[PDB]
Amino acid sequence: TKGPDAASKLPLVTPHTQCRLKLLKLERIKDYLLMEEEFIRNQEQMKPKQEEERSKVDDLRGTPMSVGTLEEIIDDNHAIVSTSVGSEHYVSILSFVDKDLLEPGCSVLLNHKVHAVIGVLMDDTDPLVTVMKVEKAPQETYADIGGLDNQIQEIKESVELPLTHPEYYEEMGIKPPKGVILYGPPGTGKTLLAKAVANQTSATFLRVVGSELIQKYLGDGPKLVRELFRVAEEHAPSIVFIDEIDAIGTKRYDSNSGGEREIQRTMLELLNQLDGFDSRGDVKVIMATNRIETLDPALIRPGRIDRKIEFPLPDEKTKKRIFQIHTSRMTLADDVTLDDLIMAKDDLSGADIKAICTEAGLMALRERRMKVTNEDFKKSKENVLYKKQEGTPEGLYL
Amino acid sequence: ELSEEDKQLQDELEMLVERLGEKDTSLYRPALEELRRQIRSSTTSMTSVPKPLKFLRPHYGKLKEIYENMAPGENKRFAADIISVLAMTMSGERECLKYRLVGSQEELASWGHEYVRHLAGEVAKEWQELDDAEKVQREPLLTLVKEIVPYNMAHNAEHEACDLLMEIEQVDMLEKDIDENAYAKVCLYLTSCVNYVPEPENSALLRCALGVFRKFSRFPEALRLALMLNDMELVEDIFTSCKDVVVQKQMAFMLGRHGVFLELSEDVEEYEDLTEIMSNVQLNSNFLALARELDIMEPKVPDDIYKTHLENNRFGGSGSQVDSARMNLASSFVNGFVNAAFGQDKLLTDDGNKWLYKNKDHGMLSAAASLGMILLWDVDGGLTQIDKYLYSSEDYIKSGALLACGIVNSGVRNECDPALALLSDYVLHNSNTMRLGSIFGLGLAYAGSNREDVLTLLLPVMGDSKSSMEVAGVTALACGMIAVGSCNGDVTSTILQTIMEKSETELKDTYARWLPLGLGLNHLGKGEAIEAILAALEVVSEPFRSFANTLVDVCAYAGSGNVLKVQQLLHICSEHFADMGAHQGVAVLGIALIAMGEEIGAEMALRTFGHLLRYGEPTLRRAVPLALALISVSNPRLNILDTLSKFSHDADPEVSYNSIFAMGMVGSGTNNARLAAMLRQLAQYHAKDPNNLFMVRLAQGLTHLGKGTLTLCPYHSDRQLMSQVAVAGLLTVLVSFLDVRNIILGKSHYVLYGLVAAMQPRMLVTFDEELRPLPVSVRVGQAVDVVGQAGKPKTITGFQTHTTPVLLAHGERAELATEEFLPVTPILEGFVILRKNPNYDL
Amino acid sequence: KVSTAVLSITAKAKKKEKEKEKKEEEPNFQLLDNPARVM
Ligand SMILES: Nc1ncnc2c1ncn2[C@@H]1O[C@H](COP(=O)(O)OP(=O)(O)OP(=O)(O)O)[C@@H](O)[C@H]1O
Ligand SMILES: [Mg+2]
């Protein structure tokens, strides 16, 4: 089974104000951590059997242990095993090995001298895949996202609600959506939403770049994708986030480009994993891309990617929410009227609002002030907002 | 480096500070006047760097000695002001404090907000540094606070004001200083800080907030804090002070929800309506409406709940034609719990005797109790069916019928008191089963009553040498759970005498664990009076001395969050030395029950329990799943369920049993399809062992409780309001489950029905001022505070639109999306009354 | 074993426990015989 390896996270300490309540909650966290440290330190200290078992098994197998590939199972205790050098050896299977675990192609621990099967290596996970697993959940939560109520609701119905409440889906008869593509202009909150869902989820989370799943050697790309998805299968409730799928999701086309055909083969293996022969199981996929129109139709089609969540440039209410969230830790003055920044049509995104807040803080620091003002925000708006050149036509239209 | 203005200001400051070398008359007034002017101008501005303070880096030693010798009048006071402002930036804590202490008073407001905050911090430091050896220094610090607090109140700095007032251990001034627009902020601050502050400051803070809420006439909140304090006199005071009959009805609803039944004098108008609401007679009816809103009138059958059509029938038509007793008991618990409180069942109502006749002894009691537990909160309706089975041929099952009565009267009260009348002539019954059933029914019917007549009637059972050990244990638990959280001296003395007269050989049994139980059940949430309790229990010899001490330590600090008690309990657990591991198990349950008071403490108790599981000895491994069940009752957190699923396949039968019960308790009433599938898989895997199958079917019944409309949470009012009756019920069930084979799998299945004492429903039925149901659009979502200490009601997000009545899962709250109505209680839980808005205009 | 700090309230608890406790209250030679061993 090998249930999910959910990322560990400390409880959120709120209020975020530098008050005594935050001190008390943080000191409660420190208290419990010290309790855990004391118990885990005095556990092995007071430890006075299985040592005979270890002294027999380890002595019999000996060190070092070679790692080979099982090729054939001839007898109940004899196997043809190929070493990493590609040389096959007819070796013996020692008694202290589960015969049901031995399968062709499995990674098998052999003795160094006689290469006899001393055990089976379970994980044998590519290091480029085990690094995709998330161990420390990101600090961003659903409370750090301003607006985006529809997008958050869709992503929760897709990858969150089925885990907590599969009762609705089972009762009505729907198979819950198992693929979501977060597409929109950059800086709108796609990666932020991925961070938030990773923080909230109780299922294992795999983060991919859409470009680290691509390897030098000819066949290692699709093989790496298959390994990643198999690992996702192992920890049954899983979420596989592939940021910037544009890297491999680009539309298929015919050209010589010996590397591009491997690119397309890798993406073909990806879409086979998403929806092909054999079921995919209880593993959700979240994909993010700035440009969706350049993606291959067979990748973003329903059944492979069930939902296409659009992240538009924030509107007035959403922008006001972003400003309220990102100046929450600030010390605003009384003359500040955030509205003037929220209005007008600068086409500023959530990342733009974050930079506006940061630059207003820097402007206040320039005047040796730890509290921001309206003038600082106004200066920061023009200082940071200068991104696009023209983006507009002339006075043709009345 | 500096600038032209900066250089000129630095030169001026250096000239002004250097002119103080000699004793010329036109020096001290001019120089100190100029320094005061510049410092006041810079400090009484925005948070810009205090340029005079940056320029000023001199030594005050000459300034301090001249302070000592020159001008005993106001000039030394000016010098004190200047050096205090200078040392606020530096580290001159004691000196910087005493400069404002003895120098020019003037006012702290004249300096600045940052100066006030720094002085507040230094005052707190000094007060913590000052013991009761002298009160001379305390008074001027109090005078400083007299002006510091209003500054914070008027400048929205209630944080620093509250913190300072907690450091000085004096909180009376909040009564006379809190404004209308700021009472909510400070009240929420206190109601959040009470959980983490240790004894005895938490109680003082709670009564301070109680006084504030009484002053501002927020009566429902006053009731909430009164039940937090767990003292009846202030509850009566609030009841008398409630002049609004709608608020009276609301507080009656909350009192019925908490199960607090206080006698009401006839001097209060509408006494009958308040009494009948507090007896909670209406609830079942509303529940019925609830069910007929969800079209879940039709009760279920264990065959469909187990989904036998999906299980791989490896043996078909040859291995399922034999009906063992234990699986029949499990099916009884299922076709009970699942269909409970819906007023109808398709197998126990039309085919009662035929069903019961295939049960033996214990099965008779279990099925008779489940017959009453299939219809909740209908005293007359329940007893109309229970009487015939009370008239049964096998009079031994008569006791079971009493359980039915005790399980039907649970959560309700009648003026004629059918339970007391029915069990008054049966408590003194000589038969062990008869007396057991009588006392259990009386306890379940009268949970939290604390009525003196029933306690006195239960007293002679303890002194009865004839009464068996299990009769004594059930009597002790019933006495404790009738007197939950009261520290009743009568019950305490009776149980102490009973345990003192008990012999070691008779104490060695498992049922003796229930003797401290009631004693502990008398002292829930009151750790102050347990020094005498532990002193009295120290007379008995070990190991049971340590066992009883640990159990009463759990019961005293139920939800207290006292990390020192948890440290003692963890030290007990970590000591690697059968009955010796009982102390470690009780201590593990103690960590659970202490940590469940706070969400942060509970979530760290999760990590501690994981470490205990992966690095503990067998007894700890058995004990932990009960603790995990206690931590997250009716809260199907997926990590907890995953750990329990991992350990349900353990080679230790006790560990697997405890893990299965933890599945049942944590996912109780959530109707989690994932949990249902995992339980079905566990039933398929464990199809051979009768005990594993029995407990997995019990877990399925618990998770399908009320078709997903029932919860066993001992917490209310945004999980802030504890429930003594529910905590008692889970405590009894868990400590009995510390020995699954002898108690749960032995002769004491009826103990499971104690969970029905904790059986509390979830709805959103909305009533008008006349108590008719009123459909109101409600915005329901997670209560994730997107702010800090802004006083917001957690700013409910994840919105969904519903029409009342609504079902709210654990951890998800509700709010009124319509301004047309105003709820008397801002906490939309259970039954509420909405007053029509007078401000709204059509 | 070892005792952890838990400095959150352990100092206050220990000082209040201290208040509660306050409320509660050569030769220089050897005689030798014939077979005497001497360094
Ligand atoms: N709706 C929002 N609410 C709050 N913060 C936001 C929002 N949108 C963006 N931000 C802020 O912008 C930062 C950067 O945005 P993010 O990482 O989500 O980019 P993106 O939409 O994934 O863009 P790209 O196309 O580059 O991948 C986030 O860390 C967050 O602080
Ligand atoms: Mg991004």
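**Student:** Looking at this structure, how should I read unusual backbone geometry?
**Tutor:** Residue A:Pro64 is reached from A:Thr63 by a cis peptide bond, and omega for that bond is 0 degrees. Residue B:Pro200 is reached from B:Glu199 by a cis peptide bond, and omega for that bond is -5 degrees. The phi angle at B:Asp295 is positive, at roughly 55 degrees, despite the residue not being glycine. The topology assignment puts B:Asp295 in the loop between α17 (283-294) and α18 (302-306). B:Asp295 gets classed as exposed once you look at its relative accessible area, which sits at 69%.

**Student:** How should I be thinking about the packing of aromatic side chains in this particular structure?
**Tutor:** Each aromatic ring pair is described using two quantities: the centre-to-centre distance and the angle formed by the ring planes. Residues and elements named next belong to chain B. Evaluated as defined, the whole model comprises 18 aromatic pairs over all chains. Ring geometry for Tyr 60 versus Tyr 99: centroids 6.3 Å apart, planes at 70 degrees, classification edge-to-face. Taken together, the positions of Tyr 60 in the loop between α3 (51-55) and α4 (61-69) and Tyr 99 in helix α6 (residues 93-102) put the pair 39 residues apart, joining distant regions of the chain. A relative accessible area of 35% means that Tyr 60 is categorised as partly exposed. Owing to a relative accessible area of 2%, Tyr 99 belongs among the buried residues under this scheme.

**Student:** What's the story with the interface of chain C and chain A in this structure? I'm lost.
**Tutor:** Interfaces are frequently sized by the accessible area removed from exposure as the parts join. Between chain C and chain A, the residue contacts involve seven residues of the former and eight residues of the latter. Across the chain C to chain A interface the summed buried area is about 690 Å²; carbon plus sulfur atoms make up 61%. Between chain C and chain A we count zero salt bridges in total. The tally of links between chain C and chain A comes to two residue pairs in polar contact. Of the residues in the side of chain C that touches chain A, the class split is three nonpolar, three polar and one charged.

**Student:** I would appreciate a short explanation of the sheet that holds strand β7 (residues 204-208) of chain A in the present structure.
**Tutor:** The strands that make up a sheet pair up through hydrogen bonds in the backbone, lying either parallel or antiparallel. Residues and elements named next belong to chain A. With parallel pairing, five strands are arranged side by side in an open sheet as β7-β8-β9-β6-β10. Strands with a single pairing partner mark the edges of an open sheet, and in this sheet they are β7 and β10 (307-310). When the angles between neighbouring strand axes are averaged without regard to direction, this sheet yields 20 degrees. Taken strand by strand, helix α7 (residues 220-234) contacts β7, β8 (238-242) and β9 (283-289), and its axis lies near 165 degrees from that of β7.

**Student:** Explain the interface of chain B and chain A to me, please; I cannot follow it from the model alone.
**Tutor:** At the junction of the two partners, chain B supplies 50 residues and chain A supplies 48 residues. For the side of chain B that touches chain A, the secondary-structure elements that each account for two or more residues are α9 (158-167), α11 (183-193), α33 (563-574), α35 (599-615), α37 (638-647), α39 (673-685) and β7 (797-803) of chain B. No other element matches α35(B), which puts ten residues into the side of chain B that touches chain A. Among the residues making up the side of chain B that touches chain A, the classes are represented as 22 nonpolar, 19 polar and nine charged.

**Student:** Where do I start with the nonpolar core in this structure?
**Tutor:** As a rule of thumb, soluble globular proteins bury nonpolar side chains together. Membership of the largest hydrophobic core comes to 283 residues, with the highest contact counts inside it found for B:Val588, B:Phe609 and B:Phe737. What B:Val588 contacts, discounting residues up to four positions off in sequence, is B:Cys573, B:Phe609, B:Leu612, B:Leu620, B:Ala623, B:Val624 and B:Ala627. Ranked by size, the runner-up nonpolar core spans 28 residues in total, among them A:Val129, A:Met132, A:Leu213 and A:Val231.

**Student:** Got a minute to help me understand the site of ligand 1 in this structure?
**Tutor:** Residue and element names in this part refer to chain A. Near ligand 1 you find 17 residues, and of these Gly 146, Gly 189, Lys 190, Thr 191 and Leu 192 are the closest. Here an oxygen atom of ligand 1 and a backbone polar atom of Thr 188 are 3.0 Å apart. Residue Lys 354 places a side-chain N or O atom 3.4 Å away from an oxygen atom belonging to ligand 1. When ligand 1 sits alone it has 640 Å² of accessible area, and the protein chains cover 85% of it. At the level of secondary structure, the elements contributing two or more residues to the shell around ligand 1 comprise α6 (190-200), α11 (316-326) and α13 (350-366).

**Student:** Even after reading the chapter, I still don't get the pairing of β8(A), so can you show me in this structure?
**Tutor:** Regular strands place their side chains on alternate faces of the sheet. Residues and elements named next belong to chain A. The element β8 is largely enclosed, with a buried count of five among its five residues. Side chains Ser 238, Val 240 and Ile 242 project from β8 onto one buried face, and the interleaved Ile 239 and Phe 241 project onto a second face that is buried too. Running through α7, the crossover from β7 to the neighbouring parallel element β8 is right-handed. Note: β8 against β9, five bridges, orientation parallel. Bridging across to β9, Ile 239 finds its partner in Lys 284.

**Student:** When you look at the packing of α11(A) against α13(A) in this model, what are you seeing that I'm missing?
**Tutor:** Two numbers describe a pair of packed helices, the interaxial angle and the distance between the axes. All names here are of chain A. At their nearest, the axes of α11 and α13 sit 10 Å apart, and the two run at 40 degrees to each other. Classified by the angle between their axes, α11 and α13 sit oblique to one another. Handedness of the crossing formed by α11 with α13: right-handed. Each of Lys 319, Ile 322, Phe 323 and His 326 in α11 lies in contact with α13, whose residues at this interface are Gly 350, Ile 353, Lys 354, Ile 356 and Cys 357. Of the residues in the contact of α11 with α13, the class split is five nonpolar, two polar and two charged.

Parameters at a glance
- Residues numbered from 1 in each chain as written, not as in the entry; some residues may be left out.
- Chains lettered and ligands numbered in written order.
- Part of a larger assembly, values for the part shown.
- Heavy atoms only, no water.
- Residues with missing side-chain atoms left out of burial classes, pairs and counts.
- Helix = DSSP H or I, 4+ residues; strand = E, 2+ residues; numbered from the N terminus.
- Buried < 20%, exposed > 50% of the residue type's maximum accessible area, 1.4 Å probe, protein only.
- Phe/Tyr/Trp six-rings, centres within 6.5 Å; stacked < 30°, edge-to-face > 60°.
- Contact = heavy atoms within 4.5 Å.
- Buried area = accessible area lost by both parts, 1.4 Å probe.
- Salt bridge = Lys/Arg side-chain N within 4 Å of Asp/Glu carboxyl O.
- Polar contact = N/O pair within 3.5 Å; in protein donor to acceptor, adjacent residues only side chain to side chain.
- Nonpolar A, V, L, I, M, F, W, Y, C, P; charged D, E, K, R; others polar.
- Pairing = 2+ DSSP bridges.
- Axes fitted to C-alpha atoms, helices over the stretch in contact; angles between N-to-C directions.
- Core = buried A, V, L, I, M, F, W, Y, C linked by side-chain atoms within 4.5 Å.
- Near = heavy atom within 4 Å.
- Areas by Shrake-Rupley, 256 points an atom, 1.4 Å probe, with all protein chains shown as cover.
- Right-handed = clockwise from strand over helix to strand, strands pointing away.
- Parallel < 35°, antiparallel > 145°, perpendicular 65-115°, else oblique.
- Left-handed = near helix turned anticlockwise from the far one by under 90°.

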